[PDB]
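First comes the structure, then the notes that go with it.
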Amino acid sequence: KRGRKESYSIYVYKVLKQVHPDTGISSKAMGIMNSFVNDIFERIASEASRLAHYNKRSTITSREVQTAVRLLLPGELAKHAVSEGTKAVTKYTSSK
Amino acid sequence: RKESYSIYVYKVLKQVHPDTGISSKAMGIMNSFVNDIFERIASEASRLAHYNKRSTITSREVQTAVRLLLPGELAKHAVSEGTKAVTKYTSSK
Amino acid sequence: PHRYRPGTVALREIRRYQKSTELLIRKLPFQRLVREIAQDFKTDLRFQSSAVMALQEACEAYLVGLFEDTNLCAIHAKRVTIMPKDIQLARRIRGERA
Amino acid sequence: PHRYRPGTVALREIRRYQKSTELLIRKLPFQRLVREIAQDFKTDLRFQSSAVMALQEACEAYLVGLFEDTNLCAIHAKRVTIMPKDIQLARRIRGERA
Amino acid sequence: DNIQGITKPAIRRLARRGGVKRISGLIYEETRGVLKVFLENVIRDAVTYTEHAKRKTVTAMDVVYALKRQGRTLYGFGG
Amino acid sequence: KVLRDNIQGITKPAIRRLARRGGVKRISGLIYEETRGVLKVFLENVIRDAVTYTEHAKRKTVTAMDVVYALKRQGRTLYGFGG
Amino acid sequence: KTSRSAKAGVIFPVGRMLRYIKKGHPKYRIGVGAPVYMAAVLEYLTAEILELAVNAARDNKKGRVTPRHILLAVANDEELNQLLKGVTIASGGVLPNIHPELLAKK
Amino acid sequence: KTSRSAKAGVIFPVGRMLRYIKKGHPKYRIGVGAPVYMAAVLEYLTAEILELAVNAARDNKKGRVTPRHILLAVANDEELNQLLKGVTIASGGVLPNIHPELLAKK
DNA sequence: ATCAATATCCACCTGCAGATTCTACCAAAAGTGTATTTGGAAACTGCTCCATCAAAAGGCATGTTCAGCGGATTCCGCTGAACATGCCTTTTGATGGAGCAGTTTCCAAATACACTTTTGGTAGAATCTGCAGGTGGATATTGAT
DNA sequence: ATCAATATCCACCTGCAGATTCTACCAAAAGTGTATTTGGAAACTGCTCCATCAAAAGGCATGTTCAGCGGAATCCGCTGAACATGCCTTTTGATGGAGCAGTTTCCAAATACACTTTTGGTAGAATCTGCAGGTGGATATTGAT
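Protein chains in written order, with PDB author numbering: chain H, 1427 to 1522; chain D, 1230 to 1322; chain A, 438 to 535; chain E, 638 to 735; chain B, 24 to 102; chain F, 220 to 302; chain C, 814 to 919; chain G, 1014 to 1119.
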């Protein structure tokens, strides 16, 4: 009946422990990791839709997400992020 | 065919001074301007109509936008103008 | 009586503050400064306890970044003393200028 | 043999070039530059005339501004001759220093 | 006079973190003016949001947004 | 043809003109090279984004919008070229 | 028929703009006033800069406004100048301005 | 049941992301490729920073990651620093630095 | 170099503010059949981009000479740093009291959806004039004598 | 002060490129009629923001003493500005051809509702612990003799 504030907390925490089981994340620290994910999330979807627009497309797809990414991230960071992304969509598909 | 604001920019141009014309190049610029700001405003408009969980862009959103987007004096005379025109429209029928 | 030569303490102060992350402006005074200013825009206004922290965070950060640039300007003019003009040149180039 | 003192012609030039608006870089030498670079990114590209001109508009504007700030920096150091470290300070404060 | 509540000692501490060593005495007022303009700009846009939202309380998100459009993004207050 | 070292097309005379409109009265000798350095970076970046938009539209031609769109990403809006 | 523009007393295309708002932010509904308000603010602004560019053209002793005029108009007006940060006026030029330290003799 | 995120091979909320991609950019049909890519990219980025932040935490003899660590982590990596121009990490402090022009003497 | 006044660093201890783990309701993701949409495919069109060509002058390049700028250096007046001092006020912790957000539930008011009628833009074409570019000379700025 | 060398500012002229009117096709606004839907309004719960009061500590304002820094002043080395010389390469303009951007018609594969069943995620509580904060014995740093 009352507020159910959603966040990326649990996920950041999993990613953290997944490779640093003996390393905690402070509250404020988690709050920053949140602003980051939200920040970037926004830039990407924002550019992505922007991309669709220029190409008079009515659908936001992985294609636009990847382009959005190349336009948004620096050199090597984008390189790997793209690999990670294309690798994800792959597995999601090579199954169901 | 392609649309632009030229005819309008030109109409307005003729009201400030009847004996002055404009190069197509300068007209090309008045166009970039209108289109530019037209976007800024509408984009804050939704980014605003959104933040408040609304599903409609109204003169009210457009106005708050304008307030945020323009420098002191321009902002005022702009708000009047709009406030005015919307009032007029809301009586044309 | 022991007495440190000029600049030794300051140099010591820099190392100290660049190590810490705590606010360096008095909280209560800052709050009065915010509400006062905010007032001149809208009367009878409340502030989420956190919205004031955010303001201070932003304010302090802005100034520390500005001094970084200003210091770059003093040093450029072959000085170690940051003077008003250094702050001007800096804001100027940043596109802030007034 | 008549001859202006060093600096008289420069101020002539400044007034001259600040009053006009034509591009200051040769068009063809610039187009080669644009294609050379693009080629080194994606082969077999084509450029609208306007695109190249858009690029040159953007480039010349950019450097004329970097030069204005570079000039504030020189003058700030009590100099009238711009130097690399001037361009570098300006760029740094602008956030470009990447 | 609320402003001056921004003491010289505080400003100096800021500048220290800023890596500054010497400080012209004129800096302080100069810093007070600059800071005044900053807070003004942000708080003005913050409120605008607070009001367009038909609220009486300036929330953290209003400030975060004000900040955003000033080009200054802030992490740590979106929760 | 083979394009090589065309940044040298940005000649000393040229850069001086740019500096004159920029209000500069005297120029160190190491400026011309410094400047081409700065220029090749900015240009490479604008073109890089532009070409990206172009590749996305699946075109083989860099259009003006592309450049314009690219310049806005760098936060620089250009007037007088919009569609 | 009577164009909405006329109804609201503006020159700029009110309907054409309701359409541009939609093609851009499909999702939202557009109050019948927004496109109106928009067209009124935009015509206002364009009027402001034309007023200054025209004068600028006339001082220059020119019967037709050019980009250099629009620049000088925007360059010399504090608020239009502010409204146009990071805007490059193609073929525009720069405000003439020499720093004092550059002027010779004594 | 099976979660797309599970099938995707990611920790981040592919489902939730999709919902967000929609609530935010409302007039667009959204292919299932999108939310998955996003999840994966934002997860990497998260992982990326956390890695360096931790190094900074340990570097600091501390076992818990704080903002001071994230900033130190960010400000020291050239690419993360670039990606975050404008970002102000609340309570992250600045990066230790003293021009040598200020240094004592020796 | 040798004190010696001070600051800073490191080893060790521990209560607790704050991070972590945990016990369940429930909004939301996943599952399913059907209805609505989209953008890649493919043949086709004409717009504009690339490559040529020959002429030639505007403009780049190179070398010489020297003016004046930049910087090194000496010097001193005095603004900021360091420090002891007297003490105002920000800081800390509690504290109901009600302003005031976020929730919900109902419904008149106001876009949206799908058509059909009417005409304000637009592209191309016929028509016109501001001004680019050369011409000459009077005026002002420059620089040497 | 005076004058010879040059560059600047200007009033006139005029053909023509480019700006300004002129005409009729056609997306596209402007009417109509329901179909769907917000979002203000009345109603109400409760997370927090504010107002007051009352300490001790941690600052802050201050004022005295002077180190050394900024800024002025002098000087000369050599690096950039001015300039004339030699001529290349950019510009300018007309020409051809096709690569390819833009449009059009259409079949199917992907997304979008409308909607029901299945848990992952959140909130508040229960259990847990990293690091602040204090002590101190030793080393390092700064500064004077």
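Idealized CB from N, CA, C, for every residue including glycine.
Going straight from the alpha carbon of residue i to that of residue j, what length do you get?
i               : j               : result
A1103 (chain G) : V1067 (chain G) : 18 Å
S1484 (chain H) : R1283 (chain D) : 23 Å
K1305 (chain D) : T1293 (chain D) : 11 Å
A1514 (chain H) : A1053 (chain G) : 6 Å
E891 (chain C)  : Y1434 (chain H) : 44 Å
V717 (chain E)  : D723 (chain E)  : 11 Å
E450 (chain A)  : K515 (chain A)  : 22 Å
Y1237 (chain D) : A860 (chain C)  : 10 Å
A1070 (chain G) : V1078 (chain G) : 6 Å
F825 (chain C)  : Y833 (chain C)  : 13 Å
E1056 (chain G) : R292 (chain F)  : 24 Å
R731 (chain E)  : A1019 (chain G) : 44 Å
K277 (chain F)  : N1460 (chain H) : 35 Å
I674 (chain E)  : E263 (chain F)  : 6 Å
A1047 (chain G) : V1023 (chain G) : 14 Å
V845 (chain C)  : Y1280 (chain D) : 21 Å
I883 (chain C)  : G899 (chain C)  : 15 Å
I1451 (chain H) : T273 (chain F)  : 42 Å
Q895 (chain C)  : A688 (chain E)  : 27 Å
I843 (chain C)  : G1301 (chain D) : 27 Å
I662 (chain E)  : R236 (chain F)  : 8 Å
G248 (chain F)  : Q725 (chain E)  : 15 Å
For a contact meaning CB atoms closer than 8 Å, what does residue i contact in chain G?
i               : result
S1521 (chain H) : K1020
Going along chain F in order, which residues have a C-beta closer than 7 Å to the C-beta of residue i?
i              : result
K679 (chain E) : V270 and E274
For residue i, go through chain D and note every residue whose CB falls closer than 9 Å to its CB, in chain order.
i              : result
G302 (chain F) : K1231, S1233, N1260 and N1264
Among the residues of its own chain, which have a CB less than 7 Å from the CB of residue i, if the five just before and after it don't count?
i               : result
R1469 (chain H) : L1498
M284 (chain F)  : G302
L460 (chain A)  : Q493 and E497
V87 (chain B)   : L97, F100 and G101
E1490 (chain H) : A1474, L1477 and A1478
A727 (chain E)  : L703, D706, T707 and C710
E252 (chain F)  : none
Mind listing the chain A neighbours of residue i? Cutoff is C-beta to C-beta under 7 Å, in chain order.
i             : result
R67 (chain B) : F478
For residue i, return the contacting residues in chain B, with the cut-off set at a CB-CB distance below 9 Å.
i              : result
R529 (chain A) : The premise fails here: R529 (chain A) is roughly 12 Å from chain B at the closest Cβ pair, so nothing lies under 9 Å.
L526 (chain A) : None at all; the shortest Cβ gap to chain B is about 12 Å.
Go through its chain and collect everything with a Cβ distance to residue i's Cβ below 6 Å, but skip five positions before and after it.
i               : result
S1288 (chain D) : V1315
Against residue i, what residues of chain E qualify as contacts under a CB-to-CB distance less than 8 Å, listed in chain order?
i              : result
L509 (chain A) : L726, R729 and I730
Interface residues of chain C around residue i at Cβ under 9 Å?
i               : result
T1293 (chain D) : Residues of chain C passing the Cβ test: none, with the nearest at roughly 11 Å.
Below 7 Å on C-beta distance, what does residue i contact in chain B?
i               : result
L1277 (chain D) : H75
For a contact meaning CB atoms closer than 8 Å, what does residue i contact in chain A?
i               : result
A714 (chain E)  : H513, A514 and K515
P1080 (chain G) : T458
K79 (chain B)   : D481, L482 and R483
Tell me whether residue i counts as near the ligand ADP, meaning its Cβ is closer than 7 Å to at least one heavy atom of that ligand.
i               : result
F1267 (chain D) : Here there are no bound small molecules, and the ligand ADP is not part of this structure.
CB-CB under 8 Å to residue i, same chain, minus the five flanking residues each way: which ones, in chain order?
i               : result
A1507 (chain H) : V1495 and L1499
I519 (chain A)  : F504, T507, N508, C510 and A511
>> Counting only Cβ-Cβ distances shorter than 9 Å, please list the residues of the region 1237–1254 of chain D near chain C, keeping chain order.
In response: Residues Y1237, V1238, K1240, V1241, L1242, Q1244, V1245, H1246, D1248, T1249, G1250, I1251, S1252 and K1254.
> Name the residues in the region 81–99 of chain B whose C-beta lies less than 7 Å from a C-beta of chain G; which are they?
Replying inline: From the region 81–99 of chain B, only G94, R95, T96, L97, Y98 and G99 have a Cβ closer than 7 Å to chain G.
> For the region 239–256 of chain F, which residues have a beta carbon sitting closer than 7 Å to at least one beta carbon of chain C?
Replying inline: Those residues of the region 239–256 of chain F that come within reach of chain C (Cβ to Cβ, closer than 7 Å) are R240, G242 and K244.
> Going along the chain, which unbroken runs of the alpha helix (DSSP H) with 4 or more residues stay wholly within the region 509–535 of chain A?
Replying inline: Runs of the alpha helix (DSSP H) inside the region 509–535 of chain A: 521–531.
> Quick one, which residues of the region 874–908 of chain C are near chain E if we go by CB-CB under 9 Å, in chain order?
Replying inline: Under the 9 Å Cβ criterion, the region 874–908 of chain C contributes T879, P880, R881, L884, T901, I902, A903, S904, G905, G906, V907 and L908.
> In chain order, which alpha helix (DSSP H) runs of at least 4 residues are fully inside the region 1232–1287 of chain D?
Replying inline: Listed in chain order, they are 1235–1245 and 1253–1280.
>> Any C-beta of chain F within less than 8 Å: which residues of the region 679–697 of chain E qualify?
In response: Answer set for the region 679–697 of chain E: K679, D681, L682, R683, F684, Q685, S687, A688, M690, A691, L692, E694, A695, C696 and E697.
>> So within the region 655–693 of chain E, which uninterrupted alpha helix (DSSP H) runs reach at least 4 residues, ignoring any that extend past its ends?
In response: If we require 4 residues or more, the alpha helix (DSSP H) runs fully inside the region 655–693 of chain E come out as 664–676.
>> My parser needs the alpha helix (DSSP H) runs of 4 or more residues fully inside the region 842–866 of chain C; what are they?
In response: Runs found: none.
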